[PDB]
Structure formats: structure tokens, C-alpha cells
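Chemist: One structure coming up, written as C-alpha cells, with questions to follow.
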DNA sequence: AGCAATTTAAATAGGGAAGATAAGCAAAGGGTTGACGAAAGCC
DNA sequence: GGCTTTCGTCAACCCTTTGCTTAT
């Protein structure tokens, strides 16, 4: 009794977004996709840090990788492909009598609600992040298996009920609960303005000669595959005292806020996984969380 | 109590101006816009260092970038779009406790007066800097949400009463004290003269083959987006011995003056924000300073 | 069908912001390489 | 009378993890 985790238990990605490519179009003609480019401005500023107050009367010179829309183009086009591969409960590391019993304990999970909020975040354009502020109207074109879907007025933090998101959901939930793959060809149009600053994912640079280093693909401004995939899995409204959706993590970690919303109150992924393999009746909002971390992937052993 | 600021606390800018362009028009016909082309002249000057009195018997040859009005056009047109986005009190980095008991510490702040001085600095033409001097009349055309506004004779230093910079500020203080965005599409007509010198923002150069590199956008003369945004925030008239408006900075620093007005005498932002969070009754003229800094953004941690 | 002039000077200064993190697993094999000396069939 | 094969005897660790100079 008391079935424990395998020492090496890990799961693969079942949501596989590509790197987003940032293009400039207009709101009328969306086919002449001018590619925005990361430029390098060197910016004079002020030294305002919380510790040093005697360094206040000095400037700081920080060269910054910047990405702006061209002044003749008023719409940012964010183009990426999201790949919803199947075989969620199968582990790429470990799994004997644990992954196979987690399969039989996560069999009756609401995958329709799980894959709905997975493609709602795609449809409502949560993957844009800072590209959403100041946008007049965000238009999202999704081209999955020669079917084009268009979304304009979707409120992001409230997962509302519309027909078209529930129609990409029933072809993704069939894969996530089954076997195969479904790829969505996402195209995000937002009317920011002429010359408005677009916001790619900044890169980690250790030493650097640049204060900002923006992600580039052949010099064109781009977003990380992990930044796009972060907002797609921002479906967790099932944590304790839930107000806003958070990204599914094994500890519900929001490191940008510095607070873990799933750790220390017996509601984290590992405790519910142990209860599921040991025989605890998982709640549906917790069963969805456990099978949503298996779609996120990660190492769940140790 | 003494709830400390988080190590990673940061707000984003809620004033997002595009990098300004520079066009050349006439005062009567304001629609035949040409592009102010940044040229490259080579001066022959004097070596006039404070030291080296043994010099200035030799020459000084430097090549600089110059942008001048065409001699058939007597009016410089400076075009940019200011984006006043909302959700000011929500921090991109950090959040919870310190940010949330500062959002509910800055809630009776006079947001009308803040947005009053914010759009009066886009109406008095303070975003033009050295393009202001020598102008006969600086006429500003601000078009927001399909109603244009014209301003021609506003005093730049005195925030005086005007009924049409207050109607714009009503659309801005309904955004800055809430959620959403608004976009002022600003045009700046100044009757400088025929063939006069316009003054774009100068780019920082490290290699420095040139001695003065003006900012260019595909050859067009241009001002930096952080330079236009620097003069929008020049609203701080509530420090010790206030004479002229400076930009709101966390220390009240003017790097071109070498002094910091708010730093040191217990009125800079960090020792005002900490007092507002901890429970000190903030004055109105310092509450607007703190939320003007939150509109400006920056790191406010550690 | 070669000829293209010389000197002279190339800017002084001020700024290059810090705060966070940098995973935990589990594996890492043995198989030959023995010389001296003493039973024990064997020329 | 050696002599040449094969079996029988006798054991027991503590390890360390790049420069040596460096061109007529």
C-alpha cells in the first residue's frame, strides 16, 4: 500500500506552440505582411533606484533593443502555430502501475472545459500579453484543418460561452482525451496604431552590453514558444480564493507576482496526484488541474 | 506591521507615445506634407575646450547630421500618437499586499488634475523642445475619438485654465482612474520660417564617426518616443521650492541640470510610496506625484 | 593618349540603473591478463 | 632421474584527475 511516485516521472508537452512571429499589416489589407524588426536605440535616462538616493542627480545610458510598428502600418500581426498533440497520460519517463493508474483515475475529467479554456486563451489573444494594451480591437484568425475562425470581442479573464471557441474545443478535446494531434494556425491582428511599440518577449542575457534584449528570428521581432504557451495554459480558476486565471504549474507558481497559489494548502499537483493513484476521489476542478499539468508537462517524481 | 516593498516591483508606462515624425508644411496649406530629410553637413569650427588654451590656433572639422525645413515650406509639422492606457495601479512585476494596499491608498487622488497637466503638455507644445524657440505661433491639432481639438496660444509653463484641454482630460482621467485606453493623435504646427533649422532628437553614438547623429526613421527626421514622453510627464510642480515643471521621476531628478529636486528631503517617491502603504495620510500634491510615477513606471523594489 | 596641387584642423563633458531566480531525478557493469611450488604420470 | 603437465596455495588498495615549456 501507499503507492509512491517513480523516482524519474516526467511528462511531455501536449501543447506545442511555435515561436510567434510579429508582422505589421493594416486593418484593411492583412496580406501584405511587413515584418517588424528589432532595432537598437540607445536611451538616455535618470538613475532612480531605491537604494542609491545620492546617485539621483545623474543619468543612466541604457541601450535598449526596441520593436516598433512601421509608421505606415497600423496593425500588429502575431503569427504562430499551436500544436495540440495527444497521448496526455502517457509518460516519457517512468510509469508502471502509477501512470497507468493515473490514466484510470483521470479518465472521467471534463476535457471539454479543459480544451475550451486552452483555445479560449488562444481565441481571446491572451498570448499577446503586453500587445493587448492600447489595442482598439483584437482580431484573431485560427485556421485549423481548413476551417477559419474569427474572434473579435472576447473578454479574456472571463471564459464566456460562444459557439466558435466551443467548435475548436471539440476537435482539441477529442485529441487530448484521445490519440492524434490538432494544429491551430493562429493569426492575431490588433489595431494598435501607426508607430506604436509592439512588445516581443525579452531574452535572458547574463553579462550583456544591452539593458533590453528582444527575441529575434533572422532579425525580425518574435515571441518565445514558452511565452505563447504560458498564456494558453492560463486556465486555472480552480485554486483557493480564485479571482483571476493563472498558468497551470505544479505549485501554481506566479513568479512575476511572487506568490504561489497552490503550495502549502494541500491543493498542489503532487498531493492530488498521490491521492488519485492512492484512491482519493478527486474533485472535477482538481481532476482538470491534474490532467492540465500533464498537458503542461514537467517532472513529477522525487 | 511595516509591509516592505517587494524585491521585484515594477509598473509599466501608462503614457505610450509613438516616436514623433517631422514633416514640412505651409501655414496656410497644412496638408501638403513633405518629409524633413536628415542631411549630413560638415562644419569647420574652433577647438573651444575649457582646457587646452594652447589650442584654437588649429582647426576643427566635424561632420554632423542636420535636419532643416525646406525653403518653400515655412512650418514644421511634428506628428505622433500618444496612447494613454489605463489600469495604472496594476504592476507588471510584483503585486499583492504592497501594490494592492497602494491601489487602495491612491483612490481619492485628483486624477482629473493629473490628466489635466498630462494633456496640457501635449497641447502647449512642450514635446517640441528646441522646435518651440523662434516659432511665431505653435498650433496643435489633437484628434481623439473622432473629435479634433485645436490649440494655438497656450502658455507652456503656467497650467492655466482652458476649456478644451479639459474636455480631452475628461477622456483621459476616465481612463487613468480606471481601465481601458485612449489615443491622442497629435499634430504640431509651428510657424518657424522658411528654411529654418528643426531640432530632432539626437541619437547616442558610441563609435561616433559623426559628431551629432539626429534620430531618423527611414531617413525622415524624428524625435524619440521617450523624448516625447519625457515632456508629457513634465507636470511635477509640487516639490520643495517649486519654480518650473519637471518630469516626474522617482527622485525628481533633472539630468541636464545636475540636481535632483525630490531626492533627499523625504519627498522622493520611494519614501512617499512606503509611507502611503504603511498608512501615513498622503497629501494630495504628493498623492498625484506617486500615481504620476506609477503612470511613468519603473522599478520600485529593493 | 598622359596630365587631377598644395596646408589646416577633425569637440570638449556627463551618464552608462538595480531586483529576482539559475531544478529536482537516476543510471556510472564485469568479463582476461597467477608464479611458485608441489602431486603425479612420463620418457 | 629428471620432467612435464595439472591442480593446489596465498592473498587483500587509499587515493590524484594538467602543465612539463611555450619557436631559429
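Protein chains in written order, with the authors' numbering: chain E, 2 to 303; chain F, 2 to 303.
We put the CB at the ideal spot given by N, CA and C, even for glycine.
Could you give the residue range of the alpha helix (DSSP H) that holds residue 140 of chain F?
Modeler: Where residue 140 of chain F is concerned, there is no enclosing alpha helix (DSSP H), although the beta strand (DSSP E) it sits in stretches over 139-145.
Chemist: Quickly, what does DSSP pair residue 279 of chain E with across the bridge? List them, please.
Modeler: The partner list for residue 279 of chain E (beta bridge, DSSP) is empty, contrary to what the question assumes.
Chemist: At a CB distance below 7 Å, what residues from the segment 166-192 of chain F approach chain E? Give them in sequence order.
Modeler: The residues in question are 182, 184.
Chemist: Determine, using beta carbons only, whether residue 28 of chain E and residue 192 of chain E come nearer to each other than 8 Å.
Modeler: In this structure, residue 192 of chain E lies closer than 8 Å to residue 28 of chain E by Cβ.
Chemist: Could you give the DSSP three-state label for residue 188 of chain E: helix, strand or coil?
Modeler: Strand at residue 188 of chain E.
Chemist: For the segment 103-163 of chain E, list the beta strand (DSSP E) runs that are entirely contained and at least 3 residues long, ordered along the chain.
Modeler: Complete beta strand (DSSP E) runs here, min 3: 139-144, 149-152.
Chemist: State the beta-bridge partners of residue 218 of chain F as determined by DSSP.
Modeler: Paired residue(s): F:221.
Chemist: For residue 60 of chain E, is the beta carbon positioned less than 7 Å from some heavy atom of the ligand FAD?
Modeler: For the structure depicted, the ligand FAD is absent and the ligand set is empty, with no information on it obtainable.
Chemist: Leaving out five residues on either side along the sequence, give the residues of the same chain with a beta carbon under 8 Å from the beta carbon of residue 239 of chain F.
Modeler: Correct list, in chain order: 286, 287, 289, 290.
Chemist: Please confirm if residue 126 of chain E has its CB atom under 8 Å from at least one CB of chain F.
Modeler: No, residue 126 of chain E does not count as interfacial toward chain F.
Chemist: Where does residue 204 of chain E sit, in a helix, a strand or coil, going by DSSP?
Modeler: The answer is coil: DSSP assigns residue 204 of chain E none of H, G, I, E or B.
Chemist: Going by DSSP in three states, residue 230 of chain F sits in which element: helix, strand or coil?
Modeler: Residue state, collapsed to three classes: helix.
Chemist: Where does residue 293 of chain F fall in DSSP's three states?
Modeler: Three-state result, residue 293 of chain F: helix.
Chemist: How would you label residue 201 of chain E, buried or exposed, when you count the other beta carbons within 10 angstroms and need 16 or more for buried?
Modeler: Buried, since its Cβ has 16 or more Cβ neighbours within 10 Å.
Chemist: Starting from residue 106 of chain F, find everything on chain E with Cβ-Cβ shorter than 8 Å and list it in chain order.
Modeler: Under the 8 Å cutoff, chain E gives no residues; its nearest Cβ is about 18 Å from residue 106 of chain F.
Chemist: Kindly indicate if chain F contains any beta-carbon less than 8 Å away from that of residue 72 of chain E.
Modeler: Closer than 8 Å to some Cβ of chain F, the Cβ of residue 72 of chain E qualifies, so yes.
Chemist: So if DSSP puts residue 45 of chain F in a beta bridge, which residue, or which two residues, is it bridged to?
Modeler: Answer by DSSP bridge pairing, in chain order: F:62.
Chemist: Over what stretch of residues does the beta strand (DSSP E) that includes residue 83 of chain E continue unbroken?
Modeler: Element bounds for residue 83 of chain E: 76-86.
Chemist: Taking CB distances under 8 Å as the criterion, tell me whether residue 269 of chain F reaches chain E.
Modeler: Closer than 8 Å to some Cβ of chain E, the Cβ of residue 269 of chain F qualifies, so yes.
Chemist: Give me the Cα-Cα distance between residue 221 of chain E and residue 234 of chain E, rounded to the nearest whole angstrom.
Modeler: Using only the alpha carbons, I get a separation of about 26 Å.
Chemist: Between the C-alpha atoms of residue 271 of chain E and residue 93 of chain E, what's the straight-line distance to the nearest angstrom?
Modeler: Using only the alpha carbons, I get a separation of about 18 Å.
Chemist: Going by C-alpha to C-alpha distance, which of E:5, E:12, E:74 sits closest to residue 300 of chain E?
Modeler: For residue 300 of chain E, the nearest C-alpha among the options comes from E:12.
Chemist: Determine the extent of the beta strand (DSSP E) in which residue 23 of chain E is found, giving its start and end residues.
Modeler: Looking at the DSSP string, the run of the beta strand (DSSP E) that includes residue 23 of chain E is 21-26.
Chemist: Distance check for residue 246 of chain E and residue 140 of chain E, CA to CA, integer angstroms please.
Modeler: For residue 140 of chain E and residue 246 of chain E, the distance between alpha carbons rounds to 22 Å.
Chemist: By how many angstroms is the C-alpha of residue 241 of chain F removed from the C-alpha of residue 63 of chain E?
Modeler: For residue 63 of chain E and residue 241 of chain F, the distance between alpha carbons rounds to 29 Å.
Chemist: What would DSSP say about residue 69 of chain E, mapped onto helix, strand or coil?
Modeler: Three-state result, residue 69 of chain E: strand.
Chemist: Going along chain F, which residues have a C-beta under 8 Å from residue 258 of chain E?
Modeler: The answer, in chain order, is 95, 96, 97.
Chemist: Helix, strand or coil for residue 273 of chain F, going by three-state DSSP, please let me know.
Modeler: In this structure, residue 273 of chain F counts as helix in the three-state DSSP scheme.
Chemist: Under the DSSP definition of a beta bridge, which residues are partnered with residue 50 of chain F?
Modeler: DSSP, once it has assigned bridges, lists no residue as partnering residue 50 of chain F.
Chemist: At what residues does the beta strand (DSSP E) containing residue 171 of chain E begin and finish?
Modeler: Here residue 171 of chain E belongs to no beta strand (DSSP E); instead the alpha helix (DSSP H) covers 166-177.
Chemist: Name the chain F residues that come within less than 9 Å of residue 33 of chain E, Cβ to Cβ?
Modeler: Per Cβ cutoff of 9 Å: no residues; residue 33 of chain E is ~17 Å from chain F at best.
Chemist: Please report the straight-line C-alpha distance between residue 158 of chain E and residue 248 of chain E, rounded to a whole angstrom.
Modeler: Distance between the alpha carbons of residue 158 of chain E and residue 248 of chain E: 12 Å.
Chemist: Three-state secondary structure (DSSP) at residue 101 of chain E?
Modeler: Looking at residue 101 of chain E - three-state DSSP - the assignment turns out to be helix.
Chemist: Rank F:43, F:127, F:269 by C-alpha distance to the C-alpha of residue 224 of chain F and give the top, closest one.
Modeler: Comparing Cα positions, the closest option is F:127.
Chemist: Apart from the five residues on each side of it in sequence, which residues of its chain come closer than 6 Å, Cβ to Cβ, to residue 212 of chain F?
Modeler: Here the set comprises 63, 65.
Chemist: Could you tell me which of E:184, E:165, E:114 sits nearest to residue 236 of chain E, measuring between CA atoms?
Modeler: Nearest option by C-alpha distance: E:114.
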